[PDB]
Amino acid sequence: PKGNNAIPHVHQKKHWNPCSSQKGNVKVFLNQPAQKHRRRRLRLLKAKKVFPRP
Amino acid sequence: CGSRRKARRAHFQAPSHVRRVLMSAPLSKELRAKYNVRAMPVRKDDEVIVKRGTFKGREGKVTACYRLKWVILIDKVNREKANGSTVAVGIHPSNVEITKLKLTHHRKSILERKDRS
Amino acid sequence: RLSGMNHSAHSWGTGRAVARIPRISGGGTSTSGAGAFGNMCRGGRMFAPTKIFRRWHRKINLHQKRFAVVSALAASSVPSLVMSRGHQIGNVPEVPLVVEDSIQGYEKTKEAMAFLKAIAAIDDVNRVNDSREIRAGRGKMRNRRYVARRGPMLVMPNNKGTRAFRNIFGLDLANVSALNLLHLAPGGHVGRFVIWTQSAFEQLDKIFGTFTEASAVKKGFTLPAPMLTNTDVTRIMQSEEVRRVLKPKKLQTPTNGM
Amino acid sequence: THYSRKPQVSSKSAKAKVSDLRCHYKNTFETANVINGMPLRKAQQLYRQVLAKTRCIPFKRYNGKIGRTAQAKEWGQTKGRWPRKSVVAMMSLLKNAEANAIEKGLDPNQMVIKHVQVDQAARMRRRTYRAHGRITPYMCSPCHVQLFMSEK
RNA sequence: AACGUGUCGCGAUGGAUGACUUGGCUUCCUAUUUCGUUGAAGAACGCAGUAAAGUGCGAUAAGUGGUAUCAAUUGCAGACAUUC
RNA sequence: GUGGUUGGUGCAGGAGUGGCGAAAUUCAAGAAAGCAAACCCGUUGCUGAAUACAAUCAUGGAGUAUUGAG
RNA sequence: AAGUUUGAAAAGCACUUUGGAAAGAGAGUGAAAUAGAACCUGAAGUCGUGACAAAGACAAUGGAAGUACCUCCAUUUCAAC
RNA sequence: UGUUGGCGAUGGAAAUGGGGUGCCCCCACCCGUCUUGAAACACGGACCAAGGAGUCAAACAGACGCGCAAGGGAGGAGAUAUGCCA
RNA sequence: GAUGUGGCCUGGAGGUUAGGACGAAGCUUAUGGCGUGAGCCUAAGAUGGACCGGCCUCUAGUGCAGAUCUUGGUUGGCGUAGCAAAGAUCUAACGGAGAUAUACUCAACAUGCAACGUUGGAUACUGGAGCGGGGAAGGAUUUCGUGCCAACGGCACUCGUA
Ligand SMILES: [Mg+2]
Ligand SMILES: [Mg+2]
Ligand SMILES: [Mg+2]
Ligand SMILES: [Mg+2]
Ligand SMILES: [Mg+2]
Ligand SMILES: [Mg+2]
Ligand SMILES: [Mg+2]
Ligand SMILES: [Mg+2]
Ligand SMILES: [Mg+2]
Ligand SMILES: [Mg+2]
Ligand SMILES: [Mg+2]
Ligand SMILES: [Mg+2]
Ligand SMILES: [Mg+2]
Ligand SMILES: [Mg+2]
Ligand SMILES: [Mg+2]
Ligand SMILES: [Mg+2]
Ligand SMILES: [Mg+2]
Ligand SMILES: [Mg+2]
Ligand SMILES: [Mg+2]
Ligand code: NA
Ligand code: NA
Ligand code: NA
Ligand code: NA
Ligand code: NA
Ligand code: NA
């Protein structure tokens, strides 16, 4: 019995969820710390290579 | 490996030249003092003595290192069958103890390589 | 995403005297005409298959994290709370235990163990050693084969001098510049046993600030003010000022009637 | 490999066994249950006379809608039969037990059957064909038999 | 009486549970990383002293050459170690 | 004066890759089990000598365990 | 569909004897055969067998309260309560 | 709140509670379902094992727990402990 | 229909406290004790042979009697319904473990039945649009000899397209 709620506009009516029939359309961030580590390592190597230039 | 699955798979699918190293035995106090080496891979025609099991205390010469059943065979270690014929019993190399080495040129090279001094 | 659903099953309808569930198509095998596509069917699909966009991680307010670290540090200086958590501190000289800074020059584990025996942390180290065993349950199939208790933690001012202590089983090493709540309160229980080096002990005030002066590291952070000035309420309850106003004490089968 | 019961004195007894007979279990049950307390020579005579068809085996548990006969009055029933395939196998079992007793050195003329037990074995499978393209089972039901006899 | 009923001890038929796990699923990373007319992917037929499937190989056919290693391989047979 | 990104001739190091390469008990006991109440006394005291057992008679794995030293 | 998951090791049951054979009865290996070849454990349901209790002219099952017989169960007492 | 007997002298005992099976007197329609109404001549129902159904994400609200408060809090990214450490 | 419970139970994680070859988990019960209950605990195993309990937090693919529920096993009906088109076999001698198989008395019958192959003889059937002799499509070793008889040839076999 919908009481006094807001009127929802959740916007999820396309095939975004991957299931047995759909590939999906999603993006997760589970590689965030690994990629951050990789970026820092690359920057340190590049500084070492181009030394003494800034 | 820090994975039990990977470690056990490597052990049980090891090739022959890896099983040779995996099947090693310690040396006596006399040989340890003489060569400064703690253990060597077992080889045919070595002299060993059994330190564990129901054949503990027996000494003999090695006649085979099967390497497919992970055992060595010793001539004095045997039992009887139903029909009265004799068969050999396999021991694991880490349960025995080398007391005399079959020495060759390459074997002495290996011992010099592994000398800890 | 495709598991349990890799068949071309269809329902047979009614009229045939079988329940209306999708059934595998074809003939010639034992799987022909068997139920498919359902949590109730063998070989079927599970109810609500699990996804990788479940919320695995959590957000915590920075101030609440700092509050928790401060509270665990304060609890690690009351010798009864350490005992309740479970450490063996019966023959320990003092709590907090502060030790000279010359242990950072050790180079052999024999020297490290001699120092531990002199300080009398060896009782807790032995507790940890004797507790080691093989875990119960399925966990030992999943790279979690051994379990043991938690021993003392030794805090150093930097990352130098740990070579002698690194291999001792049952001793943990910490850096004062980055203290971890998961180590200061294992299991969620406060009262870890901590051995302080003198330099780290003198760095504590600059790292955490005081009740009036702010921290030089955690920008604009001061220790939280207490809700009670004196936490002993039984003394207040029994004091003379309260007893003068307490209310005075007072002094304290047939039924028929005919 | 032990039996469900043991003899009182094990030096004056003999044993025999069959595992998967390939005789009908329901027929061998009746054929073997009738000799439970009899002397060995009496049991052998009864089996010979059943083969000659002058006596019968009483059917007591598995007798649903079988015929009535006048040779069943001896056992207090009205229904009995003459199963030759089971009779000729119980004869072999008795011969084996007698040989065992003779080897142990006992007198076969003094032995009395004391234990008989018949049980169902695993079942083999064939098939039959019915109307409208149906296929339906056609199974074989074999038996285990065990017995021992003691000297009187 | 017989048949049937009920309880207990022993035995069958059956293949659950527990313990085990060289398997699956999921998530990350590294790089001198991307097939074919110089005939690929796929498909067929063969090859061992003994050899059906599988694995490996191609009339040089359970493999030839080179390096390294060092004494086996094994169901049964058969036959340079300073490394043929 | 410069160019190893014009071509031809030579010969160096490093990285990467593959091989080799470390310590310390098969230590002692065949009840090989306990107790002495947070710590210490205790590197010390005192507890059996066993045979039980099995609905007259016979029968009964491997020490990575225990305990103490190192 | 389908774990070859016997056992530490094949030590995988020589020999006697009954049977056409499959097998049975002994003997033996092994800590165990109640570990005998697809052989760890070995449930429920169903069946055989021995002993026992009664009674099927109120379908059985069920409740409440007694009694007869049994009880590899527990607790208490034994010369002072 | 005392008093008088019986049984019980260390047993294969006595006693008191449980448990099992039979018997007597009394009581007592077959479960689940939909329905105003089921013991129904209303549907499902031979036995056992293992499996089998309110879950994950996202927007909003109310109640309750915690931190700070005219302020509260990120996110993405960086820096160095750090090169076991997602 | 709502709510509460220092309310019960299952797989895993962080802590803490413990157990096990002088026997862990699992399994069995006329094994009692405790709890209003969900349940917990002890006993015995003449069962088993290597792991695992309590408490405080955290977490989820977390509790079954029924869905013409899904998979595997079992079961009464039941030694029952049936195994009735295509006419049909008999006899002797060989072969075979398939017999002429006894506690004795006893000549023998009334206490070893039933069924099998080859050869000879007898009696029938097919009846030239044939249970004759050759081929295509389809099949692919079913062909032949020697053995064997566990399963298969809906009865049987000493025989077989096995
Ligand atoms: Mg409404
Ligand atoms: Mg309303
Ligand atoms: Mg699909
Ligand atoms: Mg280390
Ligand atoms: Mg009839
Ligand atoms: Mg038909
Ligand atoms: Mg048809
Ligand atoms: Mg009667
Ligand atoms: Mg078994
Ligand atoms: Mg789970
Ligand atoms: Mg019962
Ligand atoms: Mg579920
Ligand atoms: Mg009939
Ligand atoms: Mg007929
Ligand atoms: Mg008909
Ligand atoms: Mg004619
Ligand atoms: Mg005509
Ligand atoms: Mg047939
Ligand atoms: Mg032939
Ligand atoms: Na599945
Ligand atoms: Na020793
Ligand atoms: Na409903
Ligand atoms: Na109803
Ligand atoms: Na169930
Ligand atoms: Na006919």
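Residues numbered from 1 in each chain as written, not as in the entry; some residues may be left out. Chains lettered and ligands numbered in written order. Part of a larger assembly, values for the part shown. Heavy atoms only, no water. Residues with missing side-chain atoms left out of burial classes, pairs and counts.

Under the PDB entry, the name given to chain C is Putative ribosomal protein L1a, and the source organism is Leishmania major strain Friedlin. Anyone opening this PDB entry will find it titled "CRYO-EM STRUCTURE OF LEISHMANIA MAJOR 80S RIBOSOME : WILD TYPE". What UniProt states about chain C under its Sequence similarities (unreviewed entry) heading is, verbatim, "Belongs to the universal ribosomal protein uL4 family." (UniProt positions renumbered as here; feature names shortened; annotations may be inferred.)

Chain B is annotated in the PDB entry as Putative 60S ribosomal protein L26 of Leishmania major strain Friedlin. Listed under Sequence similarities (unreviewed entry) in UniProt, the entry text for chain B is "Belongs to the universal ribosomal protein uL24 family."

Visitor: Honestly, the UniProt feature "binding site: Mg(2+)" (unreviewed entry) in chain B in this entry has me stumped. Any pointers?
Guide: All names here are of chain B. According to UniProt, the "binding site: Mg(2+)" (unreviewed entry) feature falls on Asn95. For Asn95, the position within the fold is in the loop between β6 (86-91) and β7 (96-100). The residues touching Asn95, leaving out its near neighbours within four places in the chain, are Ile49, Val50, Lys51 and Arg52. (Helix = DSSP H or I, 4+ residues; strand = E, 2+ residues; numbered from the N terminus. Contact = heavy atoms within 4.5 Å.)

Visitor: Looking at this structure, how should I read the pairing of strand β4 (residues 153-156) of chain C?
Guide: Across a regular strand the side chains alternate sides, sitting on one face of the sheet and then on the other. Residues and elements named next belong to chain C. Burial along β4 is two-sided: the residues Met153 and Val155 and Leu154 and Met156 are all buried. Note: β4 against strand β5 (residues 172-175), four bridges, orientation parallel. Within β5, the residue paired with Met153 across the bridge is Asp172. Pairing geometry for β4 and strand β6 (residues 194-197), over three bridges, is parallel. Looking at β6, one finds that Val155 is bridged to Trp196. (Buried < 20%, exposed > 50% of the residue type's maximum accessible area, 1.4 Å probe, protein only. Pairing = 2+ DSSP bridges.)

Visitor: What is the right way to read the packing of aromatic side chains from this model?
Guide: Note on aromatic pairs: each is described by the distance of the centres and the angle between the planes. Applying the stated criterion across every chain yields a total of seven aromatic pairs over all chains. Counting every residue linked through ring pairs, the aromatic cluster contains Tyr106, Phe115 and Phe165 of chain C. Sitting over the face of the ring of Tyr66 of chain B, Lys69 of chain B holds its NZ or CZ atom 5.4 Å from the ring centroid. (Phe/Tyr/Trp six-rings, centres within 6.5 Å; stacked < 30°, edge-to-face > 60°. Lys NZ or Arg CZ within 6 Å of the ring centre and 35° of its normal.)

Visitor: I'm lost on the pairing of strand β3 (residues 47-50) of chain B in this one. Help?
Guide: Residues and elements named next belong to chain B. Strand direction decides the pairing type here: β3 and strand β4 (residues 59-65), joined by three bridges, are antiparallel. Among the inter-strand pairings, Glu47 is bridged to a residue of β4, identified as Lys61. Here four bridges tie β3 to β7, and the two strands are oriented antiparallel to one another. Looking at the pairing, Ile49 lines up with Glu97 of β7.

Visitor: Please explain a nonpolar patch on the surface as it appears in this structure.
Guide: Among the surface-exposed residues, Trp16, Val26, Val28 and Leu30 of chain A together with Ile52, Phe53 and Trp56 of chain C lie close enough to one another that they form a single nonpolar patch of about 660 Å² accessible area. Along the chain, the position of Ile52 of chain C falls in the segment before α1 (62-75). (Patch = residues over 30% accessible without salt bridge, like charges linked within 9 Å, V, L, I, M, F, W, Y side chains within 5 Å. Areas by Shrake-Rupley, 256 points an atom, 1.4 Å probe, with all protein chains shown as cover. Salt bridge = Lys/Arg side-chain N within 4 Å of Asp/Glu carboxyl O.)

Visitor: Quick question: what am I supposed to make of the packing of helix α2 (residues 40-52) of chain D against helix α3 (residues 84-104) of chain D here?
Guide: The relative placement of two packed helices comes down to the angle between their axes together with the axis-to-axis distance. Residues and elements named next belong to chain D. Between α2 and α3, the least distance of the axes is 10 Å, while the angle of their chain directions is 155°. As judged from the angle between their axes, α2 and α3 are roughly antiparallel. At the point where α2 passes α3, the crossing takes the left-handed sense. Contact with α2, carried on its side by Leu40, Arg41, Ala43, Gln44, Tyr47, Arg48, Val50 and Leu51, involves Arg84, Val87, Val88, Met90, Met91, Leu94 and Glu98 of α3 and no other residues of that element. (Axes fitted to C-alpha atoms, helices over the stretch in contact; angles between N-to-C directions. Parallel < 35°, antiparallel > 145°, perpendicular 65-115°, else oblique. Left-handed = near helix turned anticlockwise from the far one by under 90°.)

Visitor: It is not clear to me how the environment of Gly220 of chain C should be interpreted in this structure. Could you clarify?
Guide: By the element assignment, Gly220 of chain C lies in the loop between α6 (198-208) and α7 (233-238). Overall, the relative accessible area of 72% leaves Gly220 of chain C in the exposed class.

Visitor: Whenever I open this one, the arrangement of the chains confuses me. Can you help?
Guide: Taking contact number as the criterion, the leading pair out of two pairs of chains in contact is chains A and C. What separates chain A from chain D at the closest point of their C-alpha atoms is a distance of 37 Å, and the two make no contact. As for chain D relative to chain B, no contact occurs, and the smallest C-alpha gap between them is 22 Å.

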